[PDB]
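Engineer: Got a sequence here, can you build the structure:
(6 chains)
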Amino acid sequence: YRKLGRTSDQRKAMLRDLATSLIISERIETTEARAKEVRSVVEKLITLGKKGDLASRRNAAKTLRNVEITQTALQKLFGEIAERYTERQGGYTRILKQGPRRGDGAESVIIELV
Amino acid sequence: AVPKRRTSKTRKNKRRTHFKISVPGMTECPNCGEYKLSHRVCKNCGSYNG
Amino acid sequence: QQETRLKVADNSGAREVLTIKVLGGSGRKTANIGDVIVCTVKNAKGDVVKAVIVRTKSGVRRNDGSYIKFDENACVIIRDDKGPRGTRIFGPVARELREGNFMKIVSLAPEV
Amino acid sequence: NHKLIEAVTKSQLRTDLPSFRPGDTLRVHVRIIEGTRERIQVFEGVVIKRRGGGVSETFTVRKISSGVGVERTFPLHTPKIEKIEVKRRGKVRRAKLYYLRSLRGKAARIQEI
Amino acid sequence: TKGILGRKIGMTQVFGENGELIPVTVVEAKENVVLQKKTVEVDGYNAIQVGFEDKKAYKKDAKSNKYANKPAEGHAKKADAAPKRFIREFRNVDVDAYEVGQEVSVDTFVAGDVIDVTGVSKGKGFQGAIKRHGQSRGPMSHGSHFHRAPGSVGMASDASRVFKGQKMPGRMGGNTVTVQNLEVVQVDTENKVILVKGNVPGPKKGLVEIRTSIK
RNA sequence: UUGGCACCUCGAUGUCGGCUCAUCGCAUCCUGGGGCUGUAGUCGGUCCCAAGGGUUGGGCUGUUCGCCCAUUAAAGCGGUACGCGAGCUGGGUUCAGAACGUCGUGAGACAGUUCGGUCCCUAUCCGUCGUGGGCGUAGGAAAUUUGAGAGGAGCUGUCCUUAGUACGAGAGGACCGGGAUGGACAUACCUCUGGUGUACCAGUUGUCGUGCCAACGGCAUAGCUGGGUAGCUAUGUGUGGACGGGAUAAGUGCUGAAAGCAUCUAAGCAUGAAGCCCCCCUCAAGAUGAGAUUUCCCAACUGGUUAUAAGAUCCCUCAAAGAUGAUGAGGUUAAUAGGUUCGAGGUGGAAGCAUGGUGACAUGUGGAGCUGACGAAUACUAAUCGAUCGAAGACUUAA
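Structural biologist: Residues are numbered from 1 along each chain as shown, chains lettered A, B, ... in the order given. The structure is reproduced below:
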């Protein structure tokens, strides 16, 4: 979509990592470009979790690391995260610009689940 | 290449005419009471309320 | 084109030709179906002759969106008139050969 | 798909064309007007490619006529093609059959369904 | 002769009355109103303005140009016509329309006429010598360190400077280019589109002004 | 060009030939216009005007020149440090090795010949190519423009008709007029044919994991392979060099004396080039000679000022624009992006199950399932609240 200063599958890895960290923590402080890009990745998994079937669990399992909370991340999604967002039709996140970072000047935002 | 002639301290300052940095483009927070930067979270106290 | 080992679809003893020149205009760099070329026989030889391009891998467009690509390239040697120096043509042959007043060739071909 | 590209080319999309598929085998009829006389010159070959554009969709038919394999690329909605007739239907496992451009004998064959 | 303004929708293709396939550009025009009429008795030439894209009405937030501003609305209210994007002037048409804006429908054009279509070219930023001026490139393999740069930029010491017009890398595309002698395959009224023979300057949704050929 | 001189440079002005890019002269190779011919016609020869455009690809040679091949309308001649090495090469040329012939007693030299042999640089100024800001154009703006001036383009073939007519024993074979269609070159675009397509689909190989089977994930050039959407493209698809004017060169004249005649010239009047100025395409009012048309805005106090108006931005969502800035599309009184739901197109028949096989696997469920850029629709998330800038119009004369 937009290249993130990374190589292709390195970028794939970074996005998978951020989506897992998001649905585990429910809010993460990241860079605005990374947040813009994860916004369109963590929000296509909540759709699969609102579907719920076996095929949806596996399509979600192929874009989601393994970290136990005890639960998994995937049980977290097809379990208790997908139920809270049952009524709204898309728009399951938001970005909040904290501001510039020291050492970078990177635009730091806070992304989260609505 | 190398400079053929050392630069006067007039041409220098003319070239640094545009070496400014603008102000950030800030506002005052209606909640915190102080200056925040527009479209950003308030530094001092908490909320954004947009 | 300008170095291309065409095959000869016409049993004139020559079986392979090297494109030496495309005739027409100063600096023309490519010829297609229905275009006299100068070639030299590489297989049966060693003499300059003028062939026409009966087939082409790139094919033609036919002016209605009908592209006709062929499996390989092929020429047919020509006399001073457009008459083929040989006797029998081989394999298919496109229509634009029929249109450039090569009627003695399209007659002999096995199918157009 | 624009609603304005579409709905202006509705006067060209045709309905008297069967539903063929790559891997199939067609007899296509075409109206030559060469000279001053027209004739319906059949062309019998296996369908190698079928793109899609709506009113810009085309398809390619291949045949090893006699020692020389020739492909021809028609548009579907040409008012030059009279009818397609589907002789056979083959099992091919994919859309564009380009491997047949390097096969002649028992290798450049196709199945029935 | 009454040129129109329009928007390049895309390209498609049709089939003539001999099956002779024609690629054709769909240019859709609508709301062409004639706003002002320039006459030599006040300003030294003859012409007519025409506006094409309707905007909203005047507003007070009005922070995006989707809304007309007050000068634009005075100008368009002179004609009793809504404020419009893309006001353009047409010379070479004998002024026979109304200073009161009447819709110029595409029906002004018949199929068997001929056209020239002005639009800005499509942009391509800072495109270097080989891409921009069709220059050849240096050899790639026989020990050469010259591949895509421009050649020399002058003579040695008897010129002593570069001449104006020297072709160098810079920003490419975006020009007001005109094509000529295009034809009109079909004037689709009631859908309000014109089908031109070819493909016209500009991107999709790029404004194009159609008029009759100067030749 | 081969020289002559030895005036600048030895505290350094880098060689020949190719590559990239050209630009100028005319002593014209082609195309344009003519005179004279020992010009029947076609085809020529020799002069005269003309520099608008065009002027091939290979073999051999370090090579230039030069010969040959195959074309072309033609394959011009020169200058620019025999243009251009802070744009490229480094084949030859004069570095160190080695050898041949020859000369030298010798160390070693070429009339030579042959094989090998480090080509450095981050651009300060002018220059050029793009692109912004400050002020200006006697109020502040938004939009549309005229166009002084500048730039681009400018080439040509072959078929058919006049007509197998004119001219000619015959052979041959046209001028002028009319179309069709090509080459080279510009240019615009992506419908079509192809190319690419590293967040698309499928197949398969090894090995390591998700406890195990099935299903998937990591790494192996993107592991590899078959397709491929948007975009960017050419080899693809459109168009262009048309048509005409005004003045002219060589040229042909018309009238006409100087010169009772003769005379294109002295007065005067015509005709006459691919060339000149127009026409065609573009840029252009910083065109300080700063143009013009329309529309909008215009009050409260102390000679002047103020914030404010119309308007424009800071800030944010973006792309048809883009190195950045700028240009465009929006900022909720909202479809700008993302999500969600439908499509298109792409791949090509998902998992689960059931069935048929002992097994690899096959069929149905089912054109299935997945789908980046493309089209719509939906305020679900985010374009919040805010702030900065920005006039109230000088002086003479004339009507």
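Engineer: from here on, contacts and neighbour counts on C-alpha atoms
Structural biologist: Will do.
Engineer: end-to-end on stretch B:15-25?
Structural biologist: 25 Å (Cα to Cα, to the nearest Å).
Engineer: Give me the residues contacting that stretch.
Structural biologist: Stretch B:15-25 has contacts (Cα atoms under 8 Å, 6 or more residues apart in numbering or on different chains) with B:37, B:38.
Engineer: for the chain, what spans make up the strands?
Structural biologist: Just so you know, I chose chain A. A:27-31, A:93-100, A:107-113 (DSSP state E).
Engineer: switch to chain E, that's the one I care about
Structural biologist: E:4-15, E:21-28, E:37-38, E:47-50, E:53-54, E:84-85, E:88-90, E:114-120, E:176-188, E:193-197, E:207-212.
Engineer: Which elements pack onto the fourth one?
Structural biologist: For strand E:47-50, the contact count by 3 or more Cα pairs under 8 Å, 6 or more residues apart in numbering or on different chains; DSSP states H and E identifies strand E:37-38, strand E:88-90 as packing neighbours.
Engineer: okay, the strands of chain A, which one's buried deepest?
Structural biologist: Ranked by mean neighbour count under mean count of other Cα atoms under 10 Å in any protein chain shown, those are led by strand A:107-113, which reaches a mean of 21.
Engineer: State the number of residues packed around the residue of chain B at minimum distance from chain C.
Structural biologist: Residue nearest to chain C within chain B: residue B:1 (43.1 Å; Cα to the nearest Cα). For residue B:1, the count of nearby residues is 3 (other Cα atoms under 10 Å in any protein chain shown).
Engineer: element containing it?
Structural biologist: Per DSSP states H and E: residue B:1 is located in neither a helix nor a strand.
Engineer: ok, which residues in chain A are in contact with chain B?
Structural biologist: Contact residues (Cα under 8 Å from any Cα of the partner chain) of chain A with chain B: A:96, A:97, A:98, A:99.
Engineer: which residues does the residue nearest the centre of chain E contact?
Structural biologist: In chain E, the residue lying closest to the centroid (Cα atoms, centre = their mean) is residue E:119, at 1.5 Å. Listed by Cα under 8 Å, 6+ apart, the contact set of residue E:119 reads E:176, E:177, E:178, E:200, E:201, E:202, E:206, E:207, E:208, E:209.
Engineer: quick check, residue D:92 in a helix?
Structural biologist: No. Assignment of residue D:92 by DSSP: H, G, I helix; E, B strand; the rest coil gives coil, placing it outside any helix.
Engineer: Next, count neighbours for the residue nearest to it when sequence neighbours are not counted.
Structural biologist: Excluding the flanking residues, the one nearest residue D:92 by Cα to Cα, 6 or more residues apart in numbering or on different chains is residue D:23, at 5.6 Å. Neighbourhood size, residue D:23 [other Cα under 10 Å]: 26.
Engineer: Would you agree residue D:23 is in contact with residue D:90?
Structural biologist: Yes. Contact criterion Cα atoms under 8 Å: residue D:23 and residue D:90 qualify, at 5.1 Å.
Engineer: Next, show the common contact partners of these two.
Structural biologist: Jointly contacting residue D:23 and residue D:90 under the rule Cα under 8 Å, 6+ apart are residue D:110.
Engineer: Would you mind confirming that residue D:97 is in contact with residue D:23?
Structural biologist: Yes. Using Cα under 8 Å, residue D:97 is in contact with residue D:23, at 7.2 Å.
Engineer: if I look at those two, which residues touch both of them?
Structural biologist: Counting by Cα under 8 Å, 6+ apart, the contacts common to residue D:97 and residue D:23 are residue D:48.
Engineer: re earlier: out of the strands of chain A, which comes closest to residue C:111?
Structural biologist: Distance to residue C:111, taken as Cα to Cα, is lowest for strand A:93-100 among these, at 67.5 Å.
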